[PDB]
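Structure assessment
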Amino acid sequence: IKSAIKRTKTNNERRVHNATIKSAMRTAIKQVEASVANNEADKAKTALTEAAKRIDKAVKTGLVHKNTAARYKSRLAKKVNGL
Amino acid sequence: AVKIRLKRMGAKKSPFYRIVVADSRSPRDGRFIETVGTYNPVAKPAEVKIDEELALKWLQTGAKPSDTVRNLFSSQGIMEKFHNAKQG
RNA sequence: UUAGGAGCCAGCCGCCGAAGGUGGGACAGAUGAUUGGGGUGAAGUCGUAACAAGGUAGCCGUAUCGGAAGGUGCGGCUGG
RNA sequence: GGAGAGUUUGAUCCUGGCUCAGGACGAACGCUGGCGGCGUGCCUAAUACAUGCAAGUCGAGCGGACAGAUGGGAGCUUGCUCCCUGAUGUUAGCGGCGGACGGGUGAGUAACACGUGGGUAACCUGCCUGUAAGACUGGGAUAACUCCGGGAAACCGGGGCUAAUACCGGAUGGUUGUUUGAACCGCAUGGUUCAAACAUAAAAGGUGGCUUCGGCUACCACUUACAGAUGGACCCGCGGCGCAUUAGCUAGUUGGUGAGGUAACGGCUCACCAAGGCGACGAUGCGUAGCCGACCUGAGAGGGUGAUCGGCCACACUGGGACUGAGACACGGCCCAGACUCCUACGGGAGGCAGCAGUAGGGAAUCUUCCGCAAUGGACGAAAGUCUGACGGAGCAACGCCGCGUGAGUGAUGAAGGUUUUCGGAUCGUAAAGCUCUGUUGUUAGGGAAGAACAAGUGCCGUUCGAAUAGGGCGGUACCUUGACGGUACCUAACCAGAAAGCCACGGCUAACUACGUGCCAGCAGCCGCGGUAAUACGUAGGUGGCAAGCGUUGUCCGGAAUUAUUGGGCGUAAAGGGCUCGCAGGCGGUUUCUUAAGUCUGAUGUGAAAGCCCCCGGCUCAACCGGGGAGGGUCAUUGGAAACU
RNA sequence: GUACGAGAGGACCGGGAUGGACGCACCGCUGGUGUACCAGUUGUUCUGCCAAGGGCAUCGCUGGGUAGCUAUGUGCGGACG
RNA sequence: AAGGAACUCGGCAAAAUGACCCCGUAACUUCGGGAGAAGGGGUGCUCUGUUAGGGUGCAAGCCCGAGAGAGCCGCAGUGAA
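The scheme used for residues numbers each chain from 1 in its written sequence order. That scheme is not guaranteed to match the entry numbering, and residues without coordinates are omitted from view. To read the labels, note that chains go from A and ligands from 1, taken in the order they are written. All values in this description refer to the chains shown, which are themselves only part of a larger assembly. Calculation of side-chain values draws on the structure's entire complement of heavy atoms; hydrogens and water are dropped beforehand.

Residues and elements named next belong to chain B. As summarised here, the arrangement of the three strands in space is 1-4-5, forming an open sheet in which the pairing is antiparallel. Two strands lie at the open edges of the sheet, namely strand 1 (4–5) and strand 5 (34–35), each paired on one side alone. Strands are treated as partners if at least two bridges between them are detected by DSSP. Secondary structure elements are defined from DSSP: runs of H or I of at least 4 residues count as helices, runs of E of at least 2 residues count as strands, and each element is numbered from the N terminus. Of the pairings in the sheet, the one linking strand 1 to strand 4 (residues 20–21) comprises two bridges and is antiparallel in character. When the bridges of strand 4 are listed, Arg5 appears paired with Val20.

This is the structure in structure tokens:
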């Protein structure tokens, strides 16, 4: 309205791109947790590195804000410790 | 953001100024932390009075003033004493 | 390496979810014919109940009757 | 640093009411009104809003357009037309950061919102410094651009082209997590430090110079880490209301465990299990209202108010959600509904003034649709600069405070005139006239501040990097340059008594009185009360008195009101002892001694920001106002003392 | 908006269009009934059982329903003389 | 179908409501009630289940079936009376 139309034209374009980082981060965690219902540790090890690949790059991009991601790390990490 | 700066006081026509360490987010008459002495523009002579020592402790923490405030410190050598500390 | 997988989104789905609708209660205010007292005003009418031993010594509480102030009943009180 | 006065009565003292003198207003109204500083100026409607402006910034992030002519060349009319990319200029879009601050309003909210003191081992912080490290190697897009398509518009869709400090992979990294060791310590969770292992986790270039054309260099930006600086979130004691004709209230309520979730602790969410929690020190409820430094008042204790200026929270037409971003659930952003306004070709859309002004409307009632970014400030940028209804000033209304006037000396004749009169006079009285007088201001013409410090560019010297005396960086000084107010303040000279006073009172409170009119009528009245024919109380006139550019009335709040009495009352009959008991809770304690330190006493430390009150100076022609310094303010916290009293 | 009227008001006479009121007719269309039509579904029995059906439960109930008779549905009717 | 008391002396008649579980309940009150007031909600099938749990028995097995999660179905889910 006061020439801040340029914000909404970018805010929606960022809203698509940010959620693709966010939703793929969610699928990485469940696939690790899929290997918790599954009785596989070696599959969980390579998935933990696959999950933390997205997690560590997530705070590098935008709002995931590491103090969450530390809880995202260790909660996955004790399950591999549980196996 | 932390700008040591002036602060507008006094009557309508003849202003008065106080040199103030504060945050720029607070308004022109906004709040602050601790002040240094004075400024007088309406005197055709002198009487710009500075504490001359307390701001150097703040400059070692880092607080960038505007140049209209800063050249009063040059007139009393606060910055050049501080630049010696930066050369120290 | 002529494409599959990964991931992604459209889409639909679920919980939550504001406003809307429905329903019987709460309280708040205007209003309601008529009535019930309460004061408030020019020499209105009716009595004289108080204040004197007020012409039957008054007075509180209860009961009861009458145009109406009141009346007496019973107990209590001196400010009889 | 503490005044009282009229009134019950035939008369007196008490008792007890109200009345009155005082002080403030963000005040309004009536009558009048000359000026100057300084300050405020929608409280009712957080009701609805025409129009313009109130937040953008970087071509040194980047592609392209866009002009350009340094020259080069072309066709000729000598009038031109060009084709290359000059210096440089413009910035739709892209991307970076800001828009969350600045600014307003006072609706909800009686609670950790705020005020005060705390705690965090339970947290966060882009833009700031300082230190530590750095900044490797690639990739795929896409806007703009066009080319079509669909739309009344709002605009939207499709196909190619393209960029970056945009976006996305690979490496290396002292983040973090995991695993296993150690060391030390706290206040339980624990915390801090050190080692090893594993796992990933980045970054960017741009500007100018120097170049061996490999690059290098400063500077800006970038990634990461440490601290400090910085604000924010959460928790906690202690404070400031009205009602008991509100006594019972709550089931995520209250507990535990685990789980998820949040930057973070948690019923914050959910499962499970338990039945607790909140309460006569007043829960729950309801009406009410933003809080605070402070403002006003009082002698103080207190009481009232919470406007402006300063702190913080909450809200942005009403309600709900959510994104990007360090930070919002976003005042001038999106999405949704609700009302309403506007447009439509009826298919669709756009809109939010409690931003500055202004208008409607409400109401007793509150202002200018100005100029300027010169100073202060912010925003971005390397800077100039740009942007600023913050702010700077101008304009309105006696709205209030303070400051100055409205002539002044002389002048008796007690002029004239007016009023009154026992007709001698009295007063309006030295008041006018006369004479003399200056010019604040009014008027005319001149002169003309400080606010303006600077930045930036030039000059050097110092230091710092540097392949370097390149080239910079800061640091010093030197030159240059910048006014909305405004020729306004101001000062200079010239001009005239010439421009300029009123309202209120006049029995007693209460300073000041007569004459006419008037006859329970007209009318006054705050109080006692005045008038049925001599009204000092009505109305008028004269004359006093009051105060002054104002005066009265009005509504408010405080005071006097010791008349809610802690300081600072009562209870035999004046208003007031419960009809009397038994008593739980709460209230209070004999004597002697030891001890303790909750109360108490006291030091030290930390803090209660600034403005304001107050102590004292200084500045404005004084004042008001403004400035400098200091005190004071806390049932405050920690710490160390004291032991009579509790 | 004419004569008329001061205005306010407001025409006869004459053309065209469209309705209400009842009247005859019908089923193409909106629906209505359609108990020897089809689909689902409950209780219980029966065809040896499952499957798949049958009976009875008011057509068991509920959603549709073709022909048929129907009205509020559609046509025309009381015309011009 | 559209309509709802216009019908009529009048909601007469007829439809509408019903089951069990669960939430919620006013005025007044002789405190017993009023009350099942009203007002709505979930009910079927299959899987976690030879269930949680109970009864019964010596065990073996039988009966009773609480709550949820899952999911499939039709318009409907005490589908009938």
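This part is about a negative patch on the surface. Within the patch definition used here, like charges are joined within 9 Å and nonpolar side chains (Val, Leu, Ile, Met, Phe, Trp, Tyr) within 5 Å, considering only residues with over 30% relative accessible area and no salt bridge. What sets the accessible areas is the Shrake-Rupley method with a 1.4 Å probe; for residues, cover comes only from the shown protein chains. Salt bridges are counted wherever a side-chain nitrogen of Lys or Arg sits within 4 Å of a carboxyl oxygen of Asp or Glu. When charges are counted, neither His nor the chain ends are considered; positive counts come from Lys and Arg and negative counts from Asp and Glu. A single reference atom marks each charge: NZ on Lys, CZ on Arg, CG on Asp, CD on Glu. Judged by side-chain charge, B:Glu34, B:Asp51, B:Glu52 and B:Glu53 come together as a negatively charged surface patch. Note on placement: B:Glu53 falls in the loop between strand 5 and helix 1 (54–61).

What is meant by a nonpolar core is a set of buried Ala, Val, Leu, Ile, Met, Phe, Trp, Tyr and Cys residues, joined one to another through side-chain atoms within 4.5 Å. Note on classification: 1.4 Å probe, protein chains only; a residue is buried when its accessible area is under 20% of the maximum for its type, exposed when over 50%, partly exposed between these limits. Grouped together as the largest cluster of nonpolar side chains are 17 residues, with contacts concentrated most on B:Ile4, B:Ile19, B:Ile50, B:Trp58, B:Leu59, B:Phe73 and B:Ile78. Of all the secondary structure elements, the ones that give two or more residues to this core are helix 1, helix 2 (67–76) and helix 3 (78–86) of chain B. Any two residues whose heavy atoms approach within 4.5 Å are treated as being in contact. Dropping the residues within four chain positions of it, B:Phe73 is found in contact with B:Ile19, B:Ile50, B:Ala55, B:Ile78 and B:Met79. Counting eleven residues, the second largest nonpolar core, distinct from the first, contains A:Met25, A:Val32, A:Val64 and A:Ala69.

Our next topic: the pattern of salt bridges. Residues and elements named next belong to chain A. The tally for this structure, following the rule as stated, stands at three salt bridges over all chains. Where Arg75 meets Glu33, a salt bridge forms, and the shortest distance between an N and an O atom there is 3.2 Å. In this pair, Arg75 is assigned in helix 3 (residues 67–82) and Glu33 in helix 1 (residues 5–37), connecting sequence segments 42 residues apart. Assessed through its relative accessible area of 24%, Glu33 is described here as partly exposed.

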